[PDB]
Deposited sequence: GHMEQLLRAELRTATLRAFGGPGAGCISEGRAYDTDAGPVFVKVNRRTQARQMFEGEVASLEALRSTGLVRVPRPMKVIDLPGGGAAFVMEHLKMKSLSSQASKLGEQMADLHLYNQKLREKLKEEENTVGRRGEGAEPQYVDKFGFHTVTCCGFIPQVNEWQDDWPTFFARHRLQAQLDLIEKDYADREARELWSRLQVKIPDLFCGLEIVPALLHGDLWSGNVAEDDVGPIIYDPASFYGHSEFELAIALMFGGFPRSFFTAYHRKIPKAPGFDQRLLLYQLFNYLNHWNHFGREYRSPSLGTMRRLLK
């Protein structure tokens, strides 16, 4: 069976009539189909690592949806395609661009980073008493930021996790593909200074969307919607690094967010360490074009 007949088999509808345009106006890829059981959105990708990439997104969607705090599209099915790759069926929402609900979202995001912390505090009262806190950084599965199968192996210390499984992840493929001299030299000097940027700070693992830029965030008649997660447990300030970079966010959004999680001492230097990951990752996805920002950033830190 091809794409439409396979979608009909797994969704149990005879209709699957389509509507909408490229990503319904917001999502980068995708088409919307009206089926017997209401509407769905289908994302297609014909690379080999498509299923895994999509299986990472369902874990991400599964984990944010289970906190009740933010509205994400409900995963539905992941169908392997005969011509290579996979299709990912999901609940279809109608989406406007984030304007009025930018106040509501900043506090939804703020709650989401504090959710796992409210869980630890419940377990404290539970222990002394005469739904599960995550004490480590990482994720139970491979979620992808793009088409790079990432590693979310649980590490206990955040600077450790981030340096080896985020930054080194990227500067390794940058060494293989580009053989960039200024990159390896700068990275060897930076890697030692990272521990000095998190002193005077206690970090409680926070569940992150993982790619929260202005183009992965919308709104509804009901409220704000986020989508396209690359989720893991990390440092809440990381979530904002990509959000700032391509700034389509209203000041509404950060006025709310920082009411609950205010900017801690050292915010503005760790901001650079996190935007550094995104610059590297974009170098690897989009070309040498991101070399000037990537290196100018490690230059800046030192």
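Numbering the deposited sequence from 1, which residue ranges have no coordinates here? Gaps in the modelled chain, taken against the deposited sequence, lie at 131-138, 311.
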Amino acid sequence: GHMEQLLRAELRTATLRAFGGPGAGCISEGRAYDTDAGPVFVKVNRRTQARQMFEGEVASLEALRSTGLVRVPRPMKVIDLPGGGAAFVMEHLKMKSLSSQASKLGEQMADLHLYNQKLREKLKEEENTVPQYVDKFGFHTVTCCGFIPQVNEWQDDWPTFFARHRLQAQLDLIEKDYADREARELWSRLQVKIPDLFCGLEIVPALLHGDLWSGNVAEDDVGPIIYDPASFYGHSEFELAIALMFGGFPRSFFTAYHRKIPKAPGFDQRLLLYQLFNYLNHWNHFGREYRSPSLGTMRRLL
From here on, numbers count along this sequence of modelled residues.
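Would you tell me which stretch averages the higher CA B-factor in the PDB entry, 59-67 or 28-36? Comparing 59-67 with 28-36, the higher mean C-alpha B-factor belongs to 28-36.
Can you tell me whether 84-92 has a higher mean C-alpha B factor than 175-183 in this record, or the other way round? In the deposited entry, the stretch with the higher C-alpha B-factor mean is 175-183.
Looking at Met109, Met76, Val204, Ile226, which has the highest CA B-factor as recorded? In the PDB entry, the greatest C-alpha B-factor among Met109, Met76, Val204, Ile226 is found at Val204.
Checking the record values for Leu212, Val130, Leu105, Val72, which has the greatest CA B factor? That would be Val130, according to the entry.
Chain-wide C-alpha B factor ranking for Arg251, given as lowest, middle or highest third: It belongs to the highest third of the chain when residues are ordered by C-alpha B-factor.
By the recorded C-alpha temperature factor, relative to the other modelled residues in its chain, which third is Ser236 in? According to the entry, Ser236 has a C-alpha B-factor in the chain's middle third.
Per the entry's values, where does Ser97 land by CA temperature factor relative to the rest of its chain, in the lowest, middle or highest third? Middle third by C-alpha B-factor.
Where the record places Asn216 (Cα B-factor, split into thirds across the chain): Lowest third - that is where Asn216 ends up once the chain's C-alpha B-factors are sorted.
Of the three thirds of its chain by CA temperature factor, lowest, middle or highest, which one includes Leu114? Within its chain, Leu114 is a middle-third residue by C-alpha B-factor, going by the deposited values.
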